[PDB]
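**Student:** quick check, what structure comes out for this input:
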Amino acid sequence: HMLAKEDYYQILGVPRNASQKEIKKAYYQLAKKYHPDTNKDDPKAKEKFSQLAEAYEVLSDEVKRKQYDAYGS
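**Tutor:** Numbers count the residues shown, from 1 in each chain. There you are, the coordinates:
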């Protein structure tokens, strides 16, 4: 009954070959989905919105993204 082990790639909606530039767009478009303007009927969306910045942080740098993939499954 545990949670699945997904990667930042999915949290941002970007491929495994995506670029630091393409991630910026996917990160922004996603944020608009979990924005506080749509939290009117989704008080949990705020928690998900944070996950975007968390994953985008690592995917924001090739080194961080690659390093994270090294310890991936």
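**Student:** test my guess that residue 60 contacts residue 23.
**Tutor:** Yes. Residue 60 is within contact range of residue 23, at 6.7 Å (criterion: C-beta atoms under 8 Å). For every residue, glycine as well, the C-beta is placed using N, CA and C.
**Student:** longest single helix anywhere in this structure?
**Tutor:** helix 45-59 (DSSP state H).
**Student:** just checking, what packs against it?
**Tutor:** helix 8-12, helix 20-31, helix 62-70 (3 or more C-beta pairs under 8 Å, 6 or more residues apart in numbering; DSSP states H and E).
**Student:** starting at the chain centroid, how far to the last one?
**Tutor:** On the basis of C-alpha atoms, centre = their mean, to the nearest Å, helix 62-70 sits 14 Å off its chain's mean C-alpha point.
**Student:** hmm, back to that, more neighbours, residue 60 and residue 23?
**Tutor:** Using other C-beta atoms under 10 Å as the criterion, residue 60 and residue 23 rank with residue 23 on top: 23 against 17.
**Student:** and that one, how far is that from residue 32?
**Tutor:** 15 Å (C-beta to C-beta, to the nearest Å).
**Student:** swap in residue 25?
**Tutor:** 11 Å.
**Student:** same check on residue 71?
**Tutor:** Distance from residue 71 to residue 32, by C-beta to C-beta: 31 Å.
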